[PDB]
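Student: Would you mind keeping the following structure in view while I ask a few things?
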Amino acid sequence: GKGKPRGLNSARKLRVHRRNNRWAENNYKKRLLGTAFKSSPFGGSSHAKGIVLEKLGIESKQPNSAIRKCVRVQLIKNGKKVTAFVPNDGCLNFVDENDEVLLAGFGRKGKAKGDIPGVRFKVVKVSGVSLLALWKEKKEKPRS
Amino acid sequence: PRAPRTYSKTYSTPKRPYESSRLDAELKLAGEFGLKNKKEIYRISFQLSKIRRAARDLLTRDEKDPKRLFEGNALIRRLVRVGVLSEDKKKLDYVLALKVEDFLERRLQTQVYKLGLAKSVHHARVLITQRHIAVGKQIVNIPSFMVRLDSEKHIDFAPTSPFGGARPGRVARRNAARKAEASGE
Amino acid sequence: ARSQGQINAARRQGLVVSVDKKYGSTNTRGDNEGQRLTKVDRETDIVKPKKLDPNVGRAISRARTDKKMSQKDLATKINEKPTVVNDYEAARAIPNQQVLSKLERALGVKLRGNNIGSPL
Amino acid sequence: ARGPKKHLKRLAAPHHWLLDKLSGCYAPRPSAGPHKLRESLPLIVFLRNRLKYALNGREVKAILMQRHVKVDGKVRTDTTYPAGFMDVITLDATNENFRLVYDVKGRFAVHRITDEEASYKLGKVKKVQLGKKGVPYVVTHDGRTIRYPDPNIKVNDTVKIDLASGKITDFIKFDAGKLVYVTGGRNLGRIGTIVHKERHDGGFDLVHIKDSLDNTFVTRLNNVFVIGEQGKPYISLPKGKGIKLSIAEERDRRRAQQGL
Amino acid sequence: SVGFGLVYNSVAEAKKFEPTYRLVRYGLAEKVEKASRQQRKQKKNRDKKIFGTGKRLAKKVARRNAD
RNA sequence: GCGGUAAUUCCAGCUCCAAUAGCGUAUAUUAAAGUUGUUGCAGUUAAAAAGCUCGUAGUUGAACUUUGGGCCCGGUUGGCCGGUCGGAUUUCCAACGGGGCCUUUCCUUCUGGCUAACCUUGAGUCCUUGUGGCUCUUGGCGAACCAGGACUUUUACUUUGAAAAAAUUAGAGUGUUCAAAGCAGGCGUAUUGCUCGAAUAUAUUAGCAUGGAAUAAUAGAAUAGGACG
RNA sequence: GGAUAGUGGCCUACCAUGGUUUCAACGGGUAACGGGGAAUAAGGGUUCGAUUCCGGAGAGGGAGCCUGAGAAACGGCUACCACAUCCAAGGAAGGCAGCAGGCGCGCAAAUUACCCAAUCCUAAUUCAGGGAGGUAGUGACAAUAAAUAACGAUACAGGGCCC
């Protein structure tokens with residue numbers, strides 16, 4: 001019984017059956033078609049330098065209400081316009097137009113966080129510093 | 001290109017990092033024997049795990065084959081010469097019952113305190129790292145020396161090191177010249 | 001255990017053994033607890049909960065008024081509430097040795113029975 | 001890749017040279033010579049790892065250039081000279097005579113002999129063949145070809161050849177029950193007898209070896225090398241006498257001999 | 001302390017076999033004043049550029065640079 | 001999930017916790033993951049038995065063909081052993097196969113090469129009276145080993161051996177002052193030198209020699225064109 | 001038969017239609033150099049290996065060829081294509097995926113340093129030369145050894161329980 005062919009010669013049947021049931025794992029097809037180097041906004045990178053176009057009011061999901069103060073950036077290498085979160089308090093006002101910020105992933109591989117809807121990314125630096133340092137006032141920004 | 005100098009890490013971090021039991025037990029270890037960072041404890045338990053790994057997978061071999069005989073008697077020889085293993089426990093089962101503090105007992109950190117010399121484990125620590133401790137004729141400044149059998153005889157001070165006579169040092173000298181100028185003339 | 005006995009007696013107060021885990025790491029309220037609450041439960045009687053004299057409270061009033069602050073400023077100085085500070089002035093309060101220790105470490109005023117009013 | 005390697009890095013030389021991993025990239029890369037670069041050892045690692053008569057390649061070059069080192073009797077100034085199996089590296093200065101014979105472990109060690117037996121090296125023959133003007137000739141494993149043999153010699157027979165005469169002396173006809181010196185694989189450097197001999201015609205014929213201490217093994221036949229008669233070898237042998245103790249009794253001999 | 005030492009018979013043969021930097025360490029040879037290696041390779045390049053004997057060229061280029 | 005008026009989650013301070021000359025972050029593979037499952041999943045209803053049969057590949061497939069050694073042991077029939085009023089046993093004891101131990105352990109055979117040792121005698125010498133004792137073969141003994149043959153069903157399987165570059169890895173020796181490391185070093189009689197070392201394991205399918213003949217297929221001799229001679 | 005170093009459809013004439021494949025051929029992808037190995041590890045495994053060693057392959061793209069034992073060599077030449085330099089505007093020489101260095105590209109990665117002394121190599125050769133290689137600087141990639149204080153002397157408080 002049990003389904004599988006338990007035969008002492010049945011290994012090609014066994015291995016083909018395994019190889020073709022692997023794709024239903026979310027990650028085997030995701031590497032092996034090549035989907036990061038095809039159509040995720042980054043090319044397998046973790047951070048990308050981008051250019052600020054817009055400041056966006058993304059309003060949070062259902063058990064919350066807040067306007068989240070995100071930013072709408074464009075990549076350098078690839079041209080994608082993409083939302084990005086500007087993290088902790090008051091650091092929207094540290095960013096103006098076209099500020100060449102640095103984008104990271106967000107904590108769940110490439111899905112959203114909590115109650116910003118649809119966003120994948122975040123900013124960590126603006127034009128070559130940081131945001132932690134700027135927020136704790138331990139670094140002052142150069143002026144271009 | 002000259003070959004890579006091979007190197008390795010010397011410990012394993014624990015797998016569930018916030019367990020109250022592991023915290024309090026390792027805290028009694030560290031605050032008992034004056035251990036600086038838990039890199040020390042995890043290195044000790046790593047050495048214990050390596051010998052425990054070889055002991056399990058060597059004990060699985062049959063009696064009277066020269067691999068088990070050879071590596072077994074040499075392993076017990078090493079533990080005897082370090083001193084964590086008793087003189088009559090020499091069997092491949094008693095080696096796996098070792099706890100961590102049995103390996104902490106043979107640290108020269110502890111051996112200075114056990115032989116006297118300090119009035120504290122912590123004073124032993126500051127004395128070893130300020131280099132007044134010479135095993136025979138070699139100074140150490142390593143608290144985690146993992147001391148051996150015969151040289152526990154030879155734990156004492158140095159031919160330098162003002163505790164071991166021979167030209168007292170800095171603050172004593174400055175106070176000597178200070179009292180000489182302030183009270184002599 | 002003779003050698004560490006001498007070591008821990010050479011350190012602060014300790015006991016004849018000192019290896020057992022005291023508990024509640026930021027429960028800073030365990031000054032008065034472990035002997036008195038297990039008295040008042042076991043009593044099955046009525047006990048007298050009393051604060052000492054309002055001279056301590058007027059010492060607080062004099063020291064605060066001399067240091068040019070208010071009650072609320074003193075509460076946000078000692079990380080407690082205005083109500084507990086205000087009752088500690090006006091003598092309708094109950095004691096807490098821990099809070100009295102913060103009042104002394106912020107003011108430098110003896111709040112201790114016989115002697116009142118100097119940073120020791 | 002366009003032609004012959006002249007470099008050879010460390011971690012690629014044989015292990016019987018026992019070179020440290022560091023203090024260079026490179027390893028002293030034998031020239032062409034009589035003996036293969038797996039089975040030979042250059043004079044530079046011989047002199048500075050195994051005899052300690054120099055610390056520098058500068059020094060080894062001057063030492064050889066002073067024309068004392070008569071490797072098989074002839075003065076050699078070449079640092080990259082592949083000194084290999086059964087080699088009679090002699091001097092005049094220290095008046096010593098080294099013969100490259102192995103260890104029990106498989107390592108070209110030191111074997112200090114007298115002037116007698118510094119005047120003959122042995123050699124396995126590896127093809128005997130007929131050449132110009134009807135002249136037969138016989139090969140060795142340093143490549144010493146010799147014309148006009150004893151026709152009693154066949155292949156896989158060994159020969160005692162002196163230093164300078166050539167002039168084939170006492171050979172040994174190969175058969176069963178003879179002392180041989182197995183010089184390859186894991187049986188490299190052990191000594192035994194020719195208890196049995198087998199022909200797997202077409203590929204890699206073999207020979208059973210029994211040593212003195214009752215340890216049968218079975219070697220291939222390009223690793224065999226006849227050293228002579230039963231209890232009578234034509235040269236001298238190192239410590240251990242090619243016997244390969246077990247590791248536990250090896251440790252036991254080391255520990256017992258350690259101290260008085 | 002541990003170092004490694006050499007003693008010699010026949011000091012002439014000693015300085016024969018001796019590394020010359022140690023001879024400079026011992027005052028037995030002059031600390032050689034040679035050019036920096038960049039300067040030496042550059043002069044070497046000029047040397048391999050000038051074919052001939054050099055002054056055969058210097059004469060005619062001085063002749064032509066005169067007028 | 002907190003945050004919509006007294007926020008144990010925001011911003012600060014106070015205090016603490018942990019890792020500590022390091023801590024956090026992003027992303028990716030690994031463990032967690034018996035959530036890829038051969039070991040090792042699940043399909044009535046949670047996702048999931050093709051509508052149903054046929055059927056080529058693949059995968060799988062009932063039963064059956066005898067066993068050279070002995071020492072010890074126990075188990076069954078049994079006989080001289082029958083005492084007990086047809087059962088009642090011990091063991092001097094065969095074997096009936098069975099469990100360990102050292103080995104019988106082998107390749108089946110000619111073509112003779114060649115015989116180790118003879119059934120001995122070719123007679124008596126050395127020496128205790130002499131089958132003590134050799135120098136020796138004319139009537140015997142081939143496997144102790146060689147190569148021209150024929151034994152020849154082929155494998156899949158498993159045991160053993162040689163290969164399984166150096167580093168790596170597991171690990172043996174060693175106080176690099178501990179150590180990460182390295183392949184060193186250690187002892188004197190330190191004044192004209194002695195010496196151990198630098199192992200071993202592992203690596204796989206694929207080959208290549210080797211034993212094992214259970215398992216699993218495969219050839220025979222039927223319309224005897226059979227082997228024996 | 002020629003070619004070749006030499007076998008060979010390697011090529012040519014002639015003569016046959018063969019050879020492979022559902023036990024996956026042929027064609028497509030790849031963020032494919034391979035192997036030694038690395039990580040994680042109960043066991044069975046899964047992913048990775050541009051990279052300190054072996055084997056390969058390439059010198060901007062592509063072919064051809066002298067020299068030579070050995071190169072389809074590019075720190076050699078010739079041709080084209082792509083890219084760019086200096087001129088007196090006639091022309092000439094080009095190759096960093098050697099070593100540093102610069103630009104661009106990027107989340108993204110060092111001195112236009114000293115030297116044959118080590119380890120190796122080359123030659124007519126102990127000697128000359130070696131941006132092979134070694135030596136410092138940058139360097140929180142990693143990995144180890146592990147300073148930030150030790151020994152005292154001190155005091156004030158509560159609050160249980162015996163009185």
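Chain labels A, B, ... are given in the sequence in which chains occur in the structure tokens; within each chain residues are numbered consecutively from 1, and ligands are likewise numbered from 1 in the order shown.
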So that each row is one residue of chain B with an atom at most 12 Å from chain G, can you give its shortest atom pair and the distance in Å to one decimal, using only C-alpha atoms (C1' of nucleotides), rows by chain and rising number, as a Markdown table?
Tutor:
```
| residue | atom | partner | partner_atom | distance |
| --- | --- | --- | --- | --- |
| B:1 | CA | G:52 | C1' | 5.3 |
| B:2 | CA | G:52 | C1' | 6.3 |
| B:3 | CA | G:52 | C1' | 5.1 |
| B:4 | CA | G:52 | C1' | 5.9 |
| B:5 | CA | G:52 | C1' | 9.6 |
| B:6 | CA | G:143 | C1' | 8.9 |
| B:7 | CA | G:143 | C1' | 5.7 |
| B:8 | CA | G:143 | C1' | 5.7 |
| B:9 | CA | G:143 | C1' | 5.8 |
| B:10 | CA | G:144 | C1' | 7.9 |
| B:11 | CA | G:144 | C1' | 11.0 |
| B:35 | CA | G:146 | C1' | 11.3 |
| B:36 | CA | G:146 | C1' | 9.1 |
| B:37 | CA | G:146 | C1' | 9.8 |
| B:39 | CA | G:146 | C1' | 10.7 |
| B:40 | CA | G:146 | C1' | 10.3 |
| B:43 | CA | G:144 | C1' | 11.6 |
| B:53 | CA | G:42 | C1' | 11.5 |
| B:56 | CA | G:42 | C1' | 11.9 |
| B:57 | CA | G:42 | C1' | 11.6 |
| B:118 | CA | G:151 | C1' | 9.1 |
| B:119 | CA | G:151 | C1' | 8.2 |
| B:120 | CA | G:150 | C1' | 8.9 |
| B:121 | CA | G:150 | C1' | 10.2 |
| B:122 | CA | G:150 | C1' | 7.2 |
| B:123 | CA | G:150 | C1' | 5.2 |
| B:124 | CA | G:150 | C1' | 8.7 |
| B:125 | CA | G:150 | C1' | 8.8 |
| B:126 | CA | G:150 | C1' | 6.3 |
| B:127 | CA | G:150 | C1' | 8.1 |
| B:128 | CA | G:150 | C1' | 11.4 |
| B:129 | CA | G:147 | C1' | 8.4 |
| B:130 | CA | G:147 | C1' | 9.5 |
| B:140 | CA | G:145 | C1' | 11.2 |
| B:141 | CA | G:146 | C1' | 9.3 |
| B:142 | CA | G:145 | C1' | 7.5 |
| B:143 | CA | G:146 | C1' | 8.9 |
| B:144 | CA | G:145 | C1' | 9.4 |
| B:145 | CA | G:145 | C1' | 10.2 |
```
Student: Need the shell around residue 17 (chain E): protein/DNA/RNA residues with any atom at most 8 Å away, counting only C-alpha atoms (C1' of nucleotides). Skip same-chain ones fewer than 2 positions apart. Format as JSON, numbers by chain?
Tutor: {"D": [59, 62], "E": [13, 14, 15, 19]}
Student: Within 12 Å of chain C, which residues of chain B come that close, and what is the closest atom pair and distance in Å for each? Count only C-alpha atoms and give it as a Markdown table.
Tutor:
```
| residue | atom | partner | partner_atom | distance |
| --- | --- | --- | --- | --- |
| B:20 | CA | C:21 | CA | 11.6 |
| B:21 | CA | C:21 | CA | 11.5 |
| B:23 | CA | C:21 | CA | 11.7 |
| B:24 | CA | C:21 | CA | 8.3 |
| B:25 | CA | C:21 | CA | 10.6 |
| B:27 | CA | C:21 | CA | 10.5 |
| B:28 | CA | C:19 | CA | 8.0 |
| B:29 | CA | C:19 | CA | 11.1 |
| B:31 | CA | C:19 | CA | 10.3 |
| B:32 | CA | C:19 | CA | 9.4 |
| B:33 | CA | C:4 | CA | 11.0 |
| B:113 | CA | C:3 | CA | 9.3 |
| B:114 | CA | C:3 | CA | 9.3 |
| B:115 | CA | C:3 | CA | 11.4 |
| B:116 | CA | C:3 | CA | 9.4 |
| B:117 | CA | C:3 | CA | 11.9 |
| B:118 | CA | C:3 | CA | 10.7 |
| B:119 | CA | C:7 | CA | 7.2 |
| B:120 | CA | C:7 | CA | 6.7 |
| B:121 | CA | C:4 | CA | 9.1 |
| B:122 | CA | C:7 | CA | 10.2 |
| B:123 | CA | C:7 | CA | 10.7 |
```
Student: Write out as a PDB file with N, CA and C atoms, in the first residue's frame every residue belonging to chain C that has an atom at most 8 Å from any atom of chain F, counting only C-alpha atoms (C1' of nucleotides).
Tutor:
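Written file, selection-v8.pdb:
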```
ATOM      1  N   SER C  25      12.972  40.928  39.654  1.00  0.00           N
ATOM      2  CA  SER C  25      14.198  41.695  39.422  1.00  0.00           C
ATOM      3  C   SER C  25      14.011  43.213  39.455  1.00  0.00           C
ATOM      4  N   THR C  26      12.895  43.736  38.945  1.00  0.00           N
ATOM      5  CA  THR C  26      12.555  45.138  39.190  1.00  0.00           C
ATOM      6  C   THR C  26      11.291  45.251  40.021  1.00  0.00           C
ATOM      7  N   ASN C  79       9.912  60.257  40.224  1.00  0.00           N
ATOM      8  CA  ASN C  79       9.286  59.224  39.392  1.00  0.00           C
ATOM      9  C   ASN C  79       8.139  58.533  40.117  1.00  0.00           C
TER      10      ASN C  79
END
```
Student: Quick one: pick out all alpha helix (DSSP H) residues within chain E from a backbone DSSP run and write them as a ChimeraX atom specification.
Tutor: /E:11-17,20-25,37-49,55-66
Student: Near region 33-42 of chain E, within 10 Å and counting only C-alpha atoms (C1' of nucleotides), which residues show up once chain neighbours fewer than 4 positions away are dropped, as a PDB file with N, CA, C and O atoms (P, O5', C5', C4', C3', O3' and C1' of nucleotides), in the first residue's frame?
Tutor:
```pdb
ATOM      1  N   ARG E  46      64.995  52.989 -20.204  1.00  0.00           N
ATOM      2  CA  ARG E  46      65.705  53.888 -21.104  1.00  0.00           C
ATOM      3  C   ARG E  46      66.861  53.166 -21.781  1.00  0.00           C
ATOM      4  O   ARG E  46      67.131  53.362 -22.974  1.00  0.00           O
ATOM      5  N   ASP E  47      67.510  52.280 -21.030  1.00  0.00           N
ATOM      6  CA  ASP E  47      68.619  51.476 -21.514  1.00  0.00           C
ATOM      7  C   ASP E  47      68.183  50.554 -22.642  1.00  0.00           C
ATOM      8  O   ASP E  47      68.874  50.414 -23.654  1.00  0.00           O
ATOM      9  N   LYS E  48      67.021  49.923 -22.491  1.00  0.00           N
ATOM     10  CA  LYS E  48      66.566  49.034 -23.552  1.00  0.00           C
ATOM     11  C   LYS E  48      65.884  49.793 -24.684  1.00  0.00           C
ATOM     12  O   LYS E  48      65.689  49.234 -25.770  1.00  0.00           O
TER      13      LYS E  48
ATOM     14  P     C G 114      58.327  52.471  -3.433  1.00  0.00           P
ATOM     15  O5'   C G 114      58.866  51.644  -2.197  1.00  0.00           O
ATOM     16  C5'   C G 114      59.892  52.142  -1.360  1.00  0.00           C
ATOM     17  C4'   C G 114      60.436  51.049  -0.476  1.00  0.00           C
ATOM     18  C3'   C G 114      61.204  49.947  -1.186  1.00  0.00           C
ATOM     19  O3'   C G 114      62.546  50.278  -1.473  1.00  0.00           O
ATOM     20  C1'   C G 114      59.629  48.969   0.258  1.00  0.00           C
ATOM     21  P     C G 115      63.191  49.757  -2.842  1.00  0.00           P
ATOM     22  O5'   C G 115      63.471  48.218  -2.580  1.00  0.00           O
ATOM     23  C5'   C G 115      64.346  47.789  -1.559  1.00  0.00           C
ATOM     24  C4'   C G 115      64.221  46.309  -1.344  1.00  0.00           C
ATOM     25  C3'   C G 115      64.555  45.444  -2.544  1.00  0.00           C
ATOM     26  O3'   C G 115      65.942  45.218  -2.641  1.00  0.00           O
ATOM     27  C1'   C G 115      62.561  44.679  -1.514  1.00  0.00           C
TER      28        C G 115
END
```
Student: Given a cut-off of 10 Å, which residues of chain F touch chain B, counting only C-alpha atoms (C1' of nucleotides), written out as a VMD selection string?
Tutor: chain F and resid 18 to 20 167 to 168 170 to 172 175 177 to 182 200 to 201
Student: List the neighbours of region 71-83 of chain A out to 7 Å using only C-alpha atoms (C1' of nucleotides); skip same-chain residues closer than 2 positions along the sequence, and give me the result as a PyMOL selection string.
Tutor: chain A and resi 41+48-56+69+85-86+119+121
Student: Could those selected residues go to a file with N, CA and C atoms, as a PDB file, in the first residue's frame?
Tutor:
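Writing done, so here's selection_35.pdb:
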```
ATOM      1  N   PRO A  41      11.409  43.377  -7.841  1.00  0.00           N
ATOM      2  CA  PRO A  41      11.937  44.697  -8.233  1.00  0.00           C
ATOM      3  C   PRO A  41      13.437  44.822  -8.116  1.00  0.00           C
ATOM      4  N   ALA A  48      18.886  48.765  -2.359  1.00  0.00           N
ATOM      5  CA  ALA A  48      19.135  49.456  -3.623  1.00  0.00           C
ATOM      6  C   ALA A  48      19.056  50.953  -3.411  1.00  0.00           C
ATOM      7  N   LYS A  49      19.899  51.701  -4.097  1.00  0.00           N
ATOM      8  CA  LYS A  49      19.914  53.149  -3.965  1.00  0.00           C
ATOM      9  C   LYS A  49      18.817  53.642  -4.880  1.00  0.00           C
ATOM     10  N   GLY A  50      18.008  54.587  -4.417  1.00  0.00           N
ATOM     11  CA  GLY A  50      16.906  55.090  -5.197  1.00  0.00           C
ATOM     12  C   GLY A  50      16.777  56.601  -5.131  1.00  0.00           C
ATOM     13  N   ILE A  51      15.883  57.125  -5.960  1.00  0.00           N
ATOM     14  CA  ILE A  51      15.649  58.561  -6.065  1.00  0.00           C
ATOM     15  C   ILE A  51      14.231  58.866  -5.604  1.00  0.00           C
ATOM     16  N   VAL A  52      14.075  59.843  -4.713  1.00  0.00           N
ATOM     17  CA  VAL A  52      12.757  60.144  -4.169  1.00  0.00           C
ATOM     18  C   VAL A  52      11.932  60.954  -5.153  1.00  0.00           C
ATOM     19  N   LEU A  53      10.742  60.456  -5.466  1.00  0.00           N
ATOM     20  CA  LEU A  53       9.811  61.197  -6.288  1.00  0.00           C
ATOM     21  C   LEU A  53       8.658  61.806  -5.520  1.00  0.00           C
ATOM     22  N   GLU A  54       8.091  61.111  -4.545  1.00  0.00           N
ATOM     23  CA  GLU A  54       6.806  61.555  -4.028  1.00  0.00           C
ATOM     24  C   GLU A  54       6.752  61.188  -2.554  1.00  0.00           C
ATOM     25  N   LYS A  55       5.959  61.927  -1.786  1.00  0.00           N
ATOM     26  CA  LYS A  55       5.682  61.576  -0.399  1.00  0.00           C
ATOM     27  C   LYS A  55       4.225  61.174  -0.256  1.00  0.00           C
ATOM     28  N   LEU A  56       3.994  59.959   0.239  1.00  0.00           N
ATOM     29  CA  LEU A  56       2.701  59.306   0.122  1.00  0.00           C
ATOM     30  C   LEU A  56       2.050  59.144   1.477  1.00  0.00           C
ATOM     31  N   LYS A  69       2.971  57.923   6.297  1.00  0.00           N
ATOM     32  CA  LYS A  69       4.103  58.758   5.884  1.00  0.00           C
ATOM     33  C   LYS A  69       5.154  57.931   5.143  1.00  0.00           C
ATOM     34  N   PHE A  85       8.758  52.710   3.082  1.00  0.00           N
ATOM     35  CA  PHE A  85       8.367  53.339   4.325  1.00  0.00           C
ATOM     36  C   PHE A  85       9.500  54.217   4.813  1.00  0.00           C
ATOM     37  N   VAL A  86       9.157  55.363   5.374  1.00  0.00           N
ATOM     38  CA  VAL A  86      10.183  56.130   6.056  1.00  0.00           C
ATOM     39  C   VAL A  86      10.005  55.874   7.540  1.00  0.00           C
ATOM     40  N   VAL A 119       3.105  47.736   0.733  1.00  0.00           N
ATOM     41  CA  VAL A 119       4.484  48.173   0.670  1.00  0.00           C
ATOM     42  C   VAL A 119       5.435  47.018   0.929  1.00  0.00           C
ATOM     43  N   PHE A 121       9.093  47.905   1.160  1.00  0.00           N
ATOM     44  CA  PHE A 121      10.472  48.312   1.373  1.00  0.00           C
ATOM     45  C   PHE A 121      10.599  49.294   2.511  1.00  0.00           C
TER      46      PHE A 121
END
```
Student: Hey, which bits of region 102-183 of chain D sit within 12 Å of region 185-199 of chain F, and for each residue what's the closest pair of atoms and how far apart in Å (one decimal), counting only C-alpha atoms (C1' of nucleotides), rows by chain and increasing number, as CSV?
Tutor:
```
residue,atom,partner,partner_atom,distance
D:104,CA,F:199,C1',11.2
D:105,CA,F:199,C1',8.4
D:106,CA,F:199,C1',11.5
D:107,CA,F:198,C1',10.5
D:109,CA,F:197,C1',12.0
```
Student: Go ahead and save the picked residues with C-alpha atoms, as a tab-separated table (two decimals), in the first residue's frame.
Tutor:
```
chain	number	residue	atom	x	y	z
D	104	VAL	CA	58.27	2.10	7.54
D	105	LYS	CA	55.85	5.00	7.08
D	106	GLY	CA	56.76	5.76	3.45
D	107	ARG	CA	59.18	8.67	3.77
D	109	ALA	CA	64.60	9.08	5.58
```
Student: Using only C-alpha atoms (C1' of nucleotides), which protein or nucleic acid residues come within 10 Å of residue 149 (chain D)? Drop anything in the same chain fewer than 3 positions from it, and give the result as a list in words.
Tutor: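 The filter keeps residues 128, 135, 136, 137, 138, 146, 152, 153, 154, 167, 168 and 169 of chain D.
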Student: Using only C-alpha atoms (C1' of nucleotides) and a distance of at most 8 Å, pull out the residues of chain G that contact chain C, as number ranges by chain.
Tutor: G: 152, 158-160
Student: Any chance you can output those residues with N, CA, C and O atoms (P, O5', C5', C4', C3', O3' and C1' of nucleotides) as a PDB file, in the first residue's frame?
Tutor:
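So result22.pdb came out as:
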```
ATOM      1  P     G G 152      39.622  41.419  51.818  1.00  0.00           P
ATOM      2  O5'   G G 152      38.648  42.665  51.633  1.00  0.00           O
ATOM      3  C5'   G G 152      38.031  43.285  52.745  1.00  0.00           C
ATOM      4  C4'   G G 152      38.917  44.352  53.320  1.00  0.00           C
ATOM      5  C3'   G G 152      38.286  45.251  54.357  1.00  0.00           C
ATOM      6  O3'   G G 152      38.294  44.650  55.634  1.00  0.00           O
ATOM      7  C1'   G G 152      39.567  46.530  52.827  1.00  0.00           C
ATOM      8  P     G G 158      14.455  53.080  61.317  1.00  0.00           P
ATOM      9  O5'   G G 158      12.908  52.874  61.067  1.00  0.00           O
ATOM     10  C5'   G G 158      12.379  51.568  61.023  1.00  0.00           C
ATOM     11  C4'   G G 158      12.195  51.083  59.611  1.00  0.00           C
ATOM     12  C3'   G G 158      11.434  49.785  59.485  1.00  0.00           C
ATOM     13  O3'   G G 158      10.039  49.960  59.602  1.00  0.00           O
ATOM     14  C1'   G G 158      13.341  49.693  58.119  1.00  0.00           C
ATOM     15  P     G G 159       9.312  49.651  60.994  1.00  0.00           P
ATOM     16  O5'   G G 159       8.407  48.396  60.662  1.00  0.00           O
ATOM     17  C5'   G G 159       8.321  47.928  59.331  1.00  0.00           C
ATOM     18  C4'   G G 159       8.689  46.475  59.242  1.00  0.00           C
ATOM     19  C3'   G G 159       8.615  45.684  60.519  1.00  0.00           C
ATOM     20  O3'   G G 159       7.271  45.400  60.843  1.00  0.00           O
ATOM     21  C1'   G G 159      10.538  45.066  59.287  1.00  0.00           C
ATOM     22  P     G G 160       6.893  44.520  62.122  1.00  0.00           P
ATOM     23  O5'   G G 160       6.772  43.057  61.528  1.00  0.00           O
ATOM     24  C5'   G G 160       6.741  41.935  62.385  1.00  0.00           C
ATOM     25  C4'   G G 160       7.395  40.744  61.747  1.00  0.00           C
ATOM     26  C3'   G G 160       7.673  39.587  62.682  1.00  0.00           C
ATOM     27  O3'   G G 160       6.543  38.760  62.849  1.00  0.00           O
ATOM     28  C1'   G G 160       9.603  40.049  61.408  1.00  0.00           C
TER      29        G G 160
END
```
